[PDB]
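Below, each chain spelled out in residue letters.
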Amino acid sequence: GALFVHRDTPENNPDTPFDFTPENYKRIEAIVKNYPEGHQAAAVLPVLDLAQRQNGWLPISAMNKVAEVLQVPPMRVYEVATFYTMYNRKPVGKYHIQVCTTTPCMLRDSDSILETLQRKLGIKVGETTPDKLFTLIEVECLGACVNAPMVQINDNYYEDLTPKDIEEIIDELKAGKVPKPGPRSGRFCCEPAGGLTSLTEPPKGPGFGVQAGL
Amino acid sequence: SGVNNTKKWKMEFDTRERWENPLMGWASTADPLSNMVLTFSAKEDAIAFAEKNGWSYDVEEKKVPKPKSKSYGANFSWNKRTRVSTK
Amino acid sequence: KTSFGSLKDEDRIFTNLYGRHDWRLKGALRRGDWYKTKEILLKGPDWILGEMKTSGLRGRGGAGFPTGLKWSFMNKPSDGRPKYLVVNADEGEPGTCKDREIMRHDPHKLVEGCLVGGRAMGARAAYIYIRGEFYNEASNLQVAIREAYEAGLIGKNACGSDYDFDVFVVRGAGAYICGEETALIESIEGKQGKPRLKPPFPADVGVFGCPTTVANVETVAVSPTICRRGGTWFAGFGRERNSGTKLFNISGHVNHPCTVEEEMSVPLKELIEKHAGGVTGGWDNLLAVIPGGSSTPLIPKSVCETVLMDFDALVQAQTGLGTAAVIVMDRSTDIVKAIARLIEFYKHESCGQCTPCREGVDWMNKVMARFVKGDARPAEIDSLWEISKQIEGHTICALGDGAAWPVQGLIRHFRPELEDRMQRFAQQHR
Ligand SMILES: Cc1cc2nc3c(=O)[nH]c(=O)nc-3n(C[C@H](O)[C@H](O)[C@H](O)COP(=O)(O)O)c2cc1C
Ligand code: SF4
Ligand code: FES
């Protein structure tokens, strides 16, 4: 499936063109300056993430450029790119759909969301749509379990989903519109549906309950 | 990495000619002492045994690995070259 | 007191938990953040660490170590090396989403908590490590940090206290193991998120090889309030040695899954019924609860009736408080398949560094997959129990332990359910 050895292809080889745009070079030197001098291997994870935000994915040339820009050995960049699951070492769709199927979501029917997405897009998990606009995969917990079932699509979370809700979000993306992150159930974030059971009173303001002598 | 075979003194003889057997190709020999290995608890026991049997001997001193300083924390040094780039 | 719960809004710390007030500095000031911070800082490291010790606050990342003792390992003269506070915002335990709400709605509580905690340890900067998937939350936190820099609250001469502090945000790239305190440090340093062996301890050799304290977002965020309102006020909640308030995530088969702040040692039954709207289909429909997130063993319905949600009470129930992420399964649930999907998570999250978890957790995952179908014989249940005991205590980090406990919770409380599947599978083929 997802291998961890690189083998060259015409579309992915050391000569595949990649460079950071001049704007992104200004962003690199801000990243590097966040760390102690002489400890700039710390910048690999953000800089490698920036190469992917510019490019969409990481060919071997993009990993090689990160190593050269930071002057780390390429194997040390390869180790990072294959360890963390958010780096795409193969190209992905325009919208990378990630459906959580860990147990708290599974208990609230993440299976129905995954089934609807497969039949709607006409692909299986791990595949890309032929037009190359969606990739579909299953992921582990995304830290939004009270808002289960939920998916991440690029940087946004869509939560409290039902099969009808996920179909709407897919229609919006095909159209070219941005759906809107958040629950699709009526609540706004993590509050209990049917009214707040806490924090119904106004906040108490500055200085309340301060200990004497402070 | 096991060190259990580096604990006893050994006496062995000088190696002599081995040749190919014309029939089968087997390794032939005329040295009756070609396999003789004797074990000793101390260098002085081995020396004593060779001297009474009239054998010229060469004795080599035991080699012990040197004591070493191991610090797992050195792998993460602030300002030293011992910092490992990988784990 | 002997009864706990029914926390009042006046005693709640995270007053913008639900994001109904402005989360920027103007709102945060109105709610009492950044109030008399200069006074707290000038009272010194020893005073601040005294308040945390008196409060009896314990770690909110999962392990529940006494915070004041832990933060005092940094209260030592410097050796020329910089000192650092790392704020663990990785929040990757299935069932846990509490740290996410702090960062998006109360970001200025965390920033102030970094300064107050960073000051007490004598640190020069704070690195907040947030999981990469929390992109919008990471950007909210940077807006808050910029506002605090502009207002003079952090940076050079923080709050006018003649003390310099920086607050950097670094994002992860997708690994649950990077929430382990030393794996997080390695990930900051640009390596694979593989935990270090101990010793050295981070307070001696940490990030960049420097004295470091890794603290949970919730631990860091409540510290300024403990200093303002005192350690005695905080110690007035929960049983002794288990004091304070706590954020609870209730998910799974409840009517109203939610995040809520509640007093410690609140009964588990009261927490589900009062805030989450009860079990889907009634309390009698309850099968089992995982009370502390995935790593904590499940307990059956009989134990859930009288168990209090605090560190010591759940230890006597043969589970643990963990991240206080309550996951609920009703009797319609496939309990075996539920725990098997958790083992599948841990198999996908093992860093692979050390043998017992690299091989053992993958081994347990395969046996569990056969237990789901019943494609096994009951002699394997004790085999799986022994395998999990060979992982536990034998690994570099607690991920291996956290993988073994869910298996043990299932075997301890639902052995008949496993043996029943094996009987059905055998007759379904024989
Ligand atoms: C696999 C694993 C994951 C962990 N993930 C987290 C996490 O996402 N957030 C967190 O605060 N602690 C996490 N911890 C616990 C930390 O290692 C550490 O105990 C804690 O962050 C810092 O201590 P504190 O809670 O007292 O503040 C994890 C531990 C393990 C073994
Ligand atoms: S227990 Fe697992 S995650 Fe922890 S160091 Fe060992 S292999 Fe890595
Ligand atoms: S189990 Fe799906 S977001 Fe946590």
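Numbers on residues come from counting from 1 along each chain's written sequence, not from the entry itself, and any residue without coordinates is not displayed. Starting at A for chains and at 1 for ligands, labels are handed out in the order in which the entities are written. Only a portion of a larger assembly is displayed here, and every value given applies to that displayed portion alone. Heavy atoms throughout the structure, all of them, feed into the side-chain values; hydrogens and water do not.

Looking at the method and resolution fields of the entry, one finds cryo-EM and 2.39 Å.

The next subject is the sheet that holds strand 3 (residues 166-171) of chain C. Residue and element names in this part refer to chain C. For two strands to count as paired, DSSP must find a minimum of two bridges between them. A run of H or I in DSSP counts as a helix once it spans at least four residues, and a run of E counts as a strand once it spans at least two, with each numbered from the N terminus. Strand order in this open sheet of four strands is 3-2-1-4, and the pairing throughout is parallel. Strands at the two margins of the open sheet, each flanked by one partner only, are strand 3 and strand 4 (212-216). Each adjacent strand pair in this sheet contributes to an overall mean axis angle of 20°, direction not counted. Two strands pair when backbone bridges link them, and strand 1 (residues 84-89) and strand 4 are joined in this way by five bridges, in the parallel orientation. Paired with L85 across the strands is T213, a residue of strand 4. Angles shown run from 0 to 180 degrees and are taken between the N-to-C directions of axes, each axis being a line fitted to C-alpha atoms and, for helices, limited to the stretch in contact.

We now examine the interface of chain C and chain B. By definition, residues are in contact when any of their heavy atoms lie within 4.5 Å. At the interface, 17 residues of chain C touch nine residues of chain B. The largest per-residue losses of area from chain C upon contact with chain B belong to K191(C), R196(C) and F208(C), which jointly make up 35% of the total buried on that side. Here, a salt bridge means any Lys or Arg side-chain nitrogen found within 4 Å of an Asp or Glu carboxyl oxygen. Summed over the shared surface of chain C and chain B, the result is one salt bridge. Its salt-bridge partner being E189(C), residue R83(B) comes within 3.1 Å of it at the nearest N-O pair. Between N or O atoms, a polar contact is any pair within 3.5 Å; within protein, one atom must be a potential hydrogen donor and the other a potential acceptor, and residues adjacent in sequence are included only when both atoms are from side chains. At the surface where chain C touches chain B, the tally comes to five residue pairs in polar contact. In terms of residue class, the side of chain C that touches chain B is built from eight nonpolar, three polar and six charged. By convention, the term buried area covers the 1.4 Å-probe accessible surface removed from two parts as they join, with the contributions of both added. Basically, the charged four are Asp, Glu, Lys and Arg, the nonpolar ten are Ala, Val, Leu, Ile, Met, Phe, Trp, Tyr, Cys and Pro, and anything else, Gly included, counts as polar.

A word on the interface of chain A and chain C. In this assembly, 63 residues from chain A lie in contact with 86 residues from chain C. Where chain A abuts chain C, roughly 6000 Å² becomes buried across the two surfaces, and 60% of that area is made up of carbon and sulfur atoms. For chain A, the biggest contributors to the area lost against chain C are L107(A), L199(A) and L214(A); these three give 12% of the whole. Our count for the chain A to chain C interface comes out at four salt bridges. The salt bridge involving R341(C) is made with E140(A); its shortest N-O contact spans 3.1 Å. Taken together, the connections running from chain A to chain C amount to 24 residue pairs in polar contact. Where the side of chain A that touches chain C is concerned, the elements lending two or more residues are helix 2 (44-55), helix 4 (74-83), helix 5 (103-107) and strand 4 (156-159) of chain A.

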